[PDB]
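**Student:**
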Amino acid sequence: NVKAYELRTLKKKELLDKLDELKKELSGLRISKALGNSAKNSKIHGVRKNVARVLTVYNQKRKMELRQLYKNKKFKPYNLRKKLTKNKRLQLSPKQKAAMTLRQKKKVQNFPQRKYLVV
Amino acid sequence: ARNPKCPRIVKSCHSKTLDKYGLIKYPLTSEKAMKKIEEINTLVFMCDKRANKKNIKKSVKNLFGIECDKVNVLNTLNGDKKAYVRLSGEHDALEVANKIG
Amino acid sequence: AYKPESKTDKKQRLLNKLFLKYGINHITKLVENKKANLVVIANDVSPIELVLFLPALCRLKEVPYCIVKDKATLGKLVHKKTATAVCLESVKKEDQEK
Amino acid sequence: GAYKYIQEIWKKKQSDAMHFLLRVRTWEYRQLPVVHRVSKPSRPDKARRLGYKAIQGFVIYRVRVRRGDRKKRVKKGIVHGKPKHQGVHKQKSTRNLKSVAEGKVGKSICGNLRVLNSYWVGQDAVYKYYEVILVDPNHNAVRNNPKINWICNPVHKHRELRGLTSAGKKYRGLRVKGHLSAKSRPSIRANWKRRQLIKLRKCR
Amino acid sequence: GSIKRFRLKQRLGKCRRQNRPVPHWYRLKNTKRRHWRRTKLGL
RNA sequence: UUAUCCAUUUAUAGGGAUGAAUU
RNA sequence: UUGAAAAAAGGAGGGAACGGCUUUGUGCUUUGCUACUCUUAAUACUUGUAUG
RNA sequence: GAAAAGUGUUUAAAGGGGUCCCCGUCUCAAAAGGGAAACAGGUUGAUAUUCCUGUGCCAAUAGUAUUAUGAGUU
RNA sequence: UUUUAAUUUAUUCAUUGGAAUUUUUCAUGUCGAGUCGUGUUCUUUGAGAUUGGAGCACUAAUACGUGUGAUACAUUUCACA
RNA sequence: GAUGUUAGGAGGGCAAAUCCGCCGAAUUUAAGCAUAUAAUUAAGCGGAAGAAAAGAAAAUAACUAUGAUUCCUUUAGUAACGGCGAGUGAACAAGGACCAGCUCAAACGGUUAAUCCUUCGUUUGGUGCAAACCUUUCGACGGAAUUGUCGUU
Ligand SMILES: [Mg+2]
Ligand SMILES: [Mg+2]
Ligand SMILES: [Mg+2]
Ligand SMILES: [Mg+2]
Ligand SMILES: [Mg+2]
Ligand SMILES: [Mg+2]
Ligand SMILES: [Mg+2]
Ligand SMILES: [Mg+2]
Ligand SMILES: [Mg+2]
Ligand SMILES: [Mg+2]
Ligand SMILES: [Mg+2]
Ligand SMILES: [Mg+2]
Ligand SMILES: [Mg+2]
Ligand SMILES: [Mg+2]
Ligand SMILES: [Mg+2]
Ligand SMILES: [Mg+2]
Ligand SMILES: [Mg+2]
Ligand SMILES: [Mg+2]
Ligand SMILES: [Mg+2]
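Residue numbers (the deposited numbering), protein chains in the order written: chain 3, 3 to 121; chain Y, 88 to 188; chain J, 115 to 131, 147 to 227; chain P, 2 to 205; chain e, 2 to 30, 38 to 51.
(1) Restricting to runs no shorter than 4 residues, where is the alpha helix (DSSP H) found entirely within the region 32-78 of chain P?
(2) Would you say the beta carbon of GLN92 (chain P) is closer than 7 Å to some non-hydrogen atom of ligand 2?
(3) Are the CB atoms of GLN11 (chain e) and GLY166 (chain Y) nearer to each other than 8 Å?
(4) Going by the C-beta, is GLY2 (chain e) closer than 7 Å to any heavy atom of ligand 3?
(5) For the region 102-110 of chain Y against the region 127-141 of chain Y, do three or more pairs of beta-carbon atoms, one drawn from each stretch, fall closer than 8 Å, so that the two count as touching?
(6) Would you mind reading off the limits of the alpha helix (DSSP H) that contains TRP11 (chain P)?
(7) Could you check the C-alpha separation between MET102 (chain 3) and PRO147 (chain P) for me, to the nearest Å?
(8) Does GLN19 (chain e) come within less than 8 Å of chain Y when only Cβ atoms are used?
(9) Using a C-beta cutoff of 8 Å, does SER167 (chain P) count as contacting chain J?
(10) Taking all protein chains shown into account, decide if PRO114 (chain Y) is buried (16 or more other Cβ within 10 angstroms of its Cβ) or exposed.
(11) Which residue spans inside the region 107-179 of chain Y form an unbroken beta strand (DSSP E) run of at least 3?
(12) Verify whether the separation of the beta carbon atoms of residue 87 (chain Y) and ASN128 (chain Y) is less than 8 Å.
(13) So the candidates are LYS186 (chain Y), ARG95 (chain Y) and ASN142 (chain Y); which of them puts its Cα closest to the Cα of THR104 (chain Y)?
(14) Verify the CB distance criterion: does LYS84 (chain 3) have a CB-CB separation below 8 Å to chain Y?
(15) Express the C-alpha separation of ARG32 (chain 3) and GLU182 (chain Y) in angstroms, rounding to a whole number.
(16) Pull up the DSSP beta-bridge partners for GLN124 (chain P), would you.
(17) Does the separation of the CB atoms of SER34 (chain 3) and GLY152 (chain Y) fall below 8 Å?
(18) Look at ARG95 (chain Y) and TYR80 (chain 3) and say whether their C-beta atoms are less than 8 Å apart.
(19) Would the region 138-158 of chain P count as touching the region 38-58 of chain P if we require 3 or more Cβ pairs under 8 Å?
(20) So which residues of chain e does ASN159 (chain Y) contact, with C-beta pairs closer than 8 Å?
(21) Cβ of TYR171 (chain Y) less than 8 Å from any chain 3 Cβ?
(22) Determine the direct distance from the alpha carbon of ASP17 (chain P) to that of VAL101 (chain P), and round the result to whole angstroms.
(23) Whose Cβ in chain 3 lies nearer than 7 Å to the Cβ of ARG137 (chain Y)?
(24) Answer yes or no: does any C-beta atom of chain e fall closer than 8 Å to that of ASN142 (chain Y)?
(25) So with Cβ pairs under 8 Å, would you call residue 1 (chain 3) a contact of chain P?
(26) Starting from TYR172 (chain P), follow the alpha helix (DSSP H) in both directions and report where the run begins and ends.
(27) What does the Cβ neighbour count give for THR157 (chain J), buried or exposed, with the cut at 16 atoms within 10 Å?
(28) In the DSSP assignment, the beta strand (DSSP E) including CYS216 (chain J) goes from what residue to what residue?
(29) Quick check on DSSP: helix, strand or coil for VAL116 (chain P)?
(30) Which residues in the same chain as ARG41 (chain e) place their Cβ atom closer than 8 Å to its Cβ, once the five residues preceding and following it in sequence are excluded?
(31) I need the straight-line Cα distance from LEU135 (chain P) to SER119 (chain P), nearest angstrom please.
(32) Using the rule of at least 16 other Cβ atoms within 10 Å of the residue's Cβ for burial, across every protein chain shown, is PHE148 (chain J) buried or exposed?
(33) Give a yes or no on whether the C-beta atoms belonging to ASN192 (chain P) and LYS203 (chain P) are separated by under 8 Å.
(34) By the criterion of Cβ-Cβ separation under 9 Å, what are the contact partners of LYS158 (chain P) in chain 3?
(35) Run through chain 3 and tell me which residues come within less than 7 Å of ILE96 (chain Y), C-beta to C-beta.
(36) For the region 129-148 of chain P, which residues have a CB atom closer than 7 Å to at least one CB atom of chain 3, in sequence order?
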């Protein structure tokens, strides 16, 4: 029934091995079901779940490795890029939006909107 | 000729494409299949809708001690492929049936 | 001889801290101000209009102009791919005669 | 000074030299495909006066438009309604030919770009030729530069298709301010809606 | 008839599957049946 | 005649005196 | 009224190109020796697992 | 042509064949036109020119190296 | 948890750069053309010898200019842009 | 100028109440109907955003004058239009909500494009468990650009 916290520590090969075993077990169960049996029909669900868990663990490991590989370097795969609503991606970064023509900037610096308490 | 500075999309996940477990789902019982097993050493397997003959053969080779001379397939109206697998003369389908279950 | 400085030269000068003037807009200003002494114009520009007025202007302003065969060659004479016109307002005394 | 000179030259238009140039240029355009990129503005000064700049993302497209009215679209010449509405053939469009020109380039050909503006270039009796100034809002050279940057915003997709380019402004009648244009301002349709509006008051 | 496209065959199969009655055990925790003769699939 | 228009073709030799045919 | 087309195949015309191995010089030329060029079928071995 | 659509070489720099030349819109449209090759017997509750036994047929079959099979040339 | 006000602590030393007003000189610059405009057509408007728009023809002026000042025009003020 | 499965990017489709462009009827009203009316509406086609559009005067006034746009209260069912029939019908001012101004082009700076971008980098920081982000200034090698970038107003 193997829960994830055990599996994080395992190396990828070991994980793969585990997964194959689980798959084999599942296949066996399926075969049994197909044949006139209902002894361990309900065992299958758990096995399936276990398999799923294993897959998840492995997938996340793989993703982490990928991320490590493509750390920085301007361009990246579009997977490892910031998946985010298209419009937002298109949109100008806040900094870009801010960026002021030099005269305007100067003006801002000189005559900023002051605080002035009226009495 | 392409020389991309990084690849566009990189599926780091374990392959979704169907392995032996998933391709070939289970043997068939049913009187027909039993008869087949008995008489002409043909094992009947329900398989994935997207199994080819080659693929099925490969699966059978991997999943069991089976060598297959010929594989006929058909798509059942229940959305499964049924693959009739005739074994080479060296093997007795009955023995292999016993082995599998 | 009177080539303008190239990028590297300019950089060096900056670190440390008479030439051809180009660009039709600048050149026209120069001519309008009677600063220019010789202007050399390219034979072909894609909108002829961008330079058509120039020889007439020179004729009015009494400034010497000559239409030279290649735009690319004019560009080469400075550090650009092409150049429309090029002007020499002042000159080193050793060459003034020429 | 140079640009002033060329402005003055182009004001003449029917004068011999200018006329010849126009004749050549229109002839040349007649041959090229209806909408096609040009490397450099044919009227640099005029382009400048609009929005054009020699920044990386700015492009000029020469576009040809048929001159004249557009026959009222109906299967055969016949229209089925009341006589007031019956005529075809002298049906003049609300949009300018310039607007049409910019529309056709902006829409399907350069959906990626943003139409900035457009200027006249040449005409024959069959076609009017405009150069339309467009800009790539994803080119960083344009993204960064704070003046111009505005066009990178999403509110400016297909300005040409909403009548927001100069030509659009013209035919919406926003070029004319004043008592002459009172009825169209936030927009003609909008104005109409406002005028129709019955405001009730919960209390009344 | 006796020469279907695969898609059509699959659809037919689906329809057949849909046809079958509520599994009786569920009833302890149907109106969309169709008889092949009276109501057509209209494929 | 250069705009424009039409035709023709693989845009195939500038103007005059019942076989084969290709490297 | 004279009664489809094309994929595909074939035939002909034509005469491009022309043995192999070893040695020398800058795919080409020169020098020396005689099993050669095809052809099906089987078999073996690398090349992604070479039959539907 | 505002587009939606309407037309399909009308003024194109429109993939194949040989060792640079020579061809040349693409694509769909036939379960009665064109077209590689199959017959018999047996067998199932329900399939069969499709499984079984037998007997064939068609198309592929990369290179290199042996073998054999025959031709041709000395 | 989100941010955005008030309040609390700034003090020394470096210098490149810029800004505003203020004197005093000299510069009287530049100001968007097949565009405006007129004609004519059609549309649209409450817009009336045409309100805006559009097609076509013709096609300007440079700030002493040109455009509005809801009746076509001329001659000319003035105001406003 | 073509050409590229060259390196990097963008568009395409869905959705629409408000919104922006076109395109565009007729029923209807006029006790008939033809201009009008319905209506610059419905449908059609295209295009945006959290709002859109408009917007910093070639504006209104004729005053002791106001001062971008938008919206509300009004002006006003008024001026006006109209087989002066049916019917349609604003604007300025006034009172508010809200209030924000600006930059290109042109002028000027050539004792030098000061600009700008791509790729490759380099090394201080900040929050994060990581993932990512956030900023910091520094060069190169490319280009772009004198058919005009940047500063000055
Ligand atoms: Mg089959
Ligand atoms: Mg119309
Ligand atoms: Mg059928
Ligand atoms: Mg029936
Ligand atoms: Mg076909
Ligand atoms: Mg047939
Ligand atoms: Mg039967
Ligand atoms: Mg002006
Ligand atoms: Mg009307
Ligand atoms: Mg007035
Ligand atoms: Mg779209
Ligand atoms: Mg009536
Ligand atoms: Mg009635
Ligand atoms: Mg009636
Ligand atoms: Mg609608
Ligand atoms: Mg806006
Ligand atoms: Mg109001
Ligand atoms: Mg009243
Ligand atoms: Mg009305």
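We put the beta carbon where it would ideally sit given N, CA and C, even for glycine.
**Tutor:** Considering the structure as presented:
(1) 45-50
(2) Within the fourth sequence, residue 92 (chain P) is the residue found at index 91, counting from 1. Checking the Cβ of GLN92 (chain P) against ligand 2 gives yes.
(3) Translated into positions along the fifth sequence, residue 11 (chain e) becomes position 10. Translated into positions along the second sequence, residue 166 (chain Y) becomes position 79. A contact, by the Cβ cut-off of 8 Å.
(4) Counted from its first residue, the fifth sequence places residue 2 (chain e) at position 1. Yes, Cβ of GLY2 (chain e) sits closer than 7 Å to a heavy atom of ligand 3.
(5) Yes: at least three Cβ pairs fall under 8 Å.
(6) Within the fourth sequence, numbered from 1, the residue matching residue 11 (chain P) stands at position 10. 3-13 is the span of the alpha helix (DSSP H), which, as asked, contains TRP11 (chain P).
(7) The residue labelled residue 102 (chain 3) in the question sits at position 100 within the first sequence. The residue labelled residue 147 (chain P) in the question sits at position 146 within the fourth sequence. Taking the straight line from one Cα to the other gives about 6 Å.
(8) By 1-based counting over the fifth sequence, the position of residue 19 (chain e) is 18. No, because no Cβ of chain Y sits closer than 8 Å to the Cβ of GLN19 (chain e).
(9) Locating residue 167 (chain P) in the fourth sequence gives position 166, where the first residue counts as 1. Taking 8 Å as the threshold, the shortest C-beta distance from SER167 (chain P) to chain J does not fall below it.
(10) Residue numbering aside, residue 114 (chain Y) sits at position 27 when the second sequence is read from its first letter. It counts as buried.
(11) 111-114, 129-134, 155-162 and 168-174
(12) What the structure shows of chain Y is the stretch from 88 to 188, and residue 87 (chain Y) is not part of that stretch, so it cannot be assessed.
(13) Position 17 of the second sequence, counted from the start, is the residue given in the question as residue 104 (chain Y). Among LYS186 (chain Y), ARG95 (chain Y) and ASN142 (chain Y), the Cα nearest to that of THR104 (chain Y) belongs to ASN142 (chain Y).
(14) In the first sequence, residue 84 (chain 3) corresponds to position 82, counting from 1. No, its Cβ sits nowhere closer than 8 Å to a Cβ of chain Y.
(15) Translated into the one-based positions of the second sequence, residue 182 (chain Y) becomes position 95. Translated into the one-based positions of the first sequence, residue 32 (chain 3) becomes position 30. A direct Cα-Cα distance of roughly 20 Å separates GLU182 (chain Y) from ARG32 (chain 3).
(16) Position 123 of the fourth sequence holds residue 124 (chain P). Answer is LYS129 (chain P), bridged to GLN124 (chain P).
(17) Translated into the one-based positions of the first sequence, residue 34 (chain 3) becomes position 32. Translated into the one-based positions of the second sequence, residue 152 (chain Y) becomes position 65. Not closer than 8 Å, so no.
(18) Taking the second sequence and counting its residues from 1, one reaches residue 95 (chain Y) at position 8. Taking the first sequence and counting its residues from 1, one reaches residue 80 (chain 3) at position 78. Yes.
(19) yes
(20) As a position in the second sequence, residue 159 (chain Y) is number 72, starting the count at 1. Result: empty, since nearest Cβ-Cβ is about 17 Å, beyond 8 Å.
(21) Within the second sequence, numbered from 1, the residue matching residue 171 (chain Y) stands at position 84. Judged by the 8 Å Cβ criterion, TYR171 (chain Y) is not in contact with chain 3.
(22) Position 100 of the fourth sequence, counted from the first residue, corresponds to residue 101 (chain P). Position 16 of the fourth sequence, counted from the first residue, corresponds to residue 17 (chain P). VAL101 (chain P) and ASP17 (chain P): Cα-Cα distance of roughly 30 Å.
(23) In the second sequence, residue 137 (chain Y) corresponds to position 50, counting from 1. Going along chain 3, no residue has its Cβ under 7 Å from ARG137 (chain Y), so there is no contact; the nearest lies around 18 Å.
(24) For the purposes of this step, residue 142 (chain Y) is taken as the residue at position 55 of the second sequence. Not an interface residue.
(25) Past the edges of chain 3, shown from 3 to 121, lies residue 1 (chain 3), and the structure says nothing about it.
(26) Position 171 of the fourth sequence holds residue 172 (chain P). That run of the alpha helix (DSSP H) goes 167-173.
(27) The residue labelled residue 157 (chain J) in the question sits at position 28 within the third sequence. Per the 10 Å Cβ criterion, buried.
(28) Stepping through the third sequence from its first residue, residue 216 (chain J) is reached at position 87. In the DSSP annotation of this structure, the continuous segment of the beta strand (DSSP E) that includes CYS216 (chain J) starts and ends at 214-217.
(29) Along the fourth sequence, read from residue 1 onward, the residue named residue 116 (chain P) stands at position 115. In this structure, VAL116 (chain P) counts as strand in the three-state DSSP scheme.
(30) Numbered from 1 along the fifth sequence, position 33 holds the residue referred to as residue 41 (chain e). Excluding sequence neighbours, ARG41 (chain e) sits near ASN20 and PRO22.
(31) To locate residue 135 (chain P), count along the fourth sequence from 1; it is residue 134. To locate residue 119 (chain P), count along the fourth sequence from 1; it is residue 118. Taking the straight line joining both Cα atoms gives about 9 Å.
(32) Counting from 1 along the third sequence, the entry for residue 148 (chain J) is found at position 19. Counting Cβ neighbours within 10 Å, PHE148 (chain J) comes out exposed, since fewer than 16 surround it.
(33) As a position in the fourth sequence, residue 192 (chain P) is number 191, starting the count at 1. As a position in the fourth sequence, residue 203 (chain P) is number 202, starting the count at 1. No. Outside cutoff.
(34) As a position in the fourth sequence, residue 158 (chain P) is number 157, starting the count at 1. Simply none; closest approach about 10 Å.
(35) Taking the second sequence and counting its residues from 1, one reaches residue 96 (chain Y) at position 9. Chain 3 residues near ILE96 (chain Y): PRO79, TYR80 and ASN81.
(36) Close to chain 3, meaning a Cβ-Cβ distance shorter than 7 Å, are the following residues of the region 129-148 of chain P: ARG144, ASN145, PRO147 and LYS148.
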